[PDB]
Every structure is written in structure tokens, then in C-alpha cells.
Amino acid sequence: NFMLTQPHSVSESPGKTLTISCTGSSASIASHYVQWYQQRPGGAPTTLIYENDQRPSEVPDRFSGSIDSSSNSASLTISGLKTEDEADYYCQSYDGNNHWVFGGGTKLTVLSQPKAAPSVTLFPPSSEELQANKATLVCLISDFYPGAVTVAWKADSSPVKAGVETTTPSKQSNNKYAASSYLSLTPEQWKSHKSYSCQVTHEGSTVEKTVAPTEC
């Protein structure tokens, strides 16, 4: 039935303005009231926006709500960004039976350092692995900021989904993020295809790397 989708992450420098979206599925977003909550790490969530655009008195005017019926979305706009705004933000509404429905949440990053697109290194199966009748590709994703990427794999052009595992991005020692996606297959599938590809999307950046069985 009805479900709410939010972006995983949003970013902006201090003093500027960003916006978090909340897109509904299977039903109109305008059918029920939409709420917005801020969740600092540990502690009670605070109500920022209720009934689409009404704001509690203790919430500053920087936070505003809106509803766009054209895109079936709710929007939380935050101006005059401060570092204290760094938190997780949730949108909430009701389904057909007036039962609660929440979004996945959005990590707000107040940019403290230069942005960085990831390095994408694709590894073919090691000879040791292939001697053990096993085959796994590893897509290493390193040195990106903020820490939100989506990975897509391809075999001989067509995309694959079965056998794909992607780890949650975690921080390296230089305050940048690292992650890795891996695709496990049988050695037959590995050789029965001309090439494999791993495609990483990081905001408006897309890198795709391609490997083929070794000829050496």
C-alpha cells in the first residue's frame, strides 16, 4: 500500500539552504497530513513540521514544509544551515487505514570539508579463488564525501541483481568514506560473459569500471 521514500543523504555548506523530499507510492501524498521529525543522536525526536506546513512555536522559521501534488511529494526546506542541524530527518503520514507510515530517513550533512567523488577499483577473481571453484568480483569504493552511493552491476551489458552485496559506507581515517560491493558467481558464469561492470553513483557523479577474464 502507501509508502514514503526519502533520499538517503543531503548536503550543504553552513548558511545555505537545502531541501529533503518525501515521495509517496500507491496513493496521493495529499490524502493525509505529513509530519517532519528531527532525530539527534540519542534523545527524543523533535517535531519540526506538522500538518504539512504548520510549525511549532519553539521551532525557528528556518524550517518550512510544503506539498507538491505534481510529484506526489512532501518537502522540508531548511535555510540558514547551522552545524547543529546535522541529524537524521523523517517524514511521516498515514496509509489507507490511518495507520502510521514513515520514511527511511535522510542523513543531513553540513559540509565541513570539500566534497569528493569516489575512487572505483574493480577486481577480477583471484587465481587462488578460481582454483577453489569459486569466483567473486569486488568493487572497491573509497575516498568519497558525503557518504551516500548507489551501486549497480552489469554482465555483458544487461544488469544483474542476484548475488550482489554492498556494504554500508563507513569512515576512513581521513574523514572520508569507504565501501565495497561484491558479486559472487560460479566460474562458468565468469567465463560465459565477455565483461562485467560496476557502476557507482555519488550525487551527480557516475563512475563505471569494467573487467574481463584474464588473457594471461
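So that there is no doubt, residue numbering starts at 1 and follows the sequence shown.
Identify the stretch, either 94-102 or 114-122, whose C-alpha atoms have the larger mean B-factor according to the entry.
Looking at the recorded C-alpha B-factors, 94-102 comes out higher on average.
Determine, for stretches 147-155 and 42-50, which one has the higher mean CA B-factor as deposited.
Looking at the recorded C-alpha B-factors, 42-50 comes out higher on average.
Review point. Checking the entry, which one of 19, 192, 9, 199 has the top C-alpha B factor?
Key: Checking the PDB record, the top C-alpha B-factor among 19, 192, 9, 199 is at 192.
Should residue 65 be placed in the lowest, middle or highest third of its chain by the C-alpha B factor in the entry?
For residue 65, the deposited C-alpha B-factor lands in the lowest third.
(message) Which third, lowest, middle or highest, does the C-alpha temperature factor of residue 178 belong to within its own chain?
(response) According to the entry, residue 178 has a C-alpha B-factor in the chain's lowest third.
Of the three thirds of its chain by CA temperature factor, lowest, middle or highest, which one includes residue 32?
According to the entry, residue 32 has a C-alpha B-factor in the chain's middle third.
- Chain-wide C-alpha B factor ranking for residue 57, given as lowest, middle or highest third: For residue 57, whose C-alpha B-factor we compare with every modelled residue in the chain, the answer is the highest third.
Among the modelled residues of this chain, does the Cα B factor of residue 170 put it in the lowest, middle or highest third? Bottom third by C-alpha B-factor.
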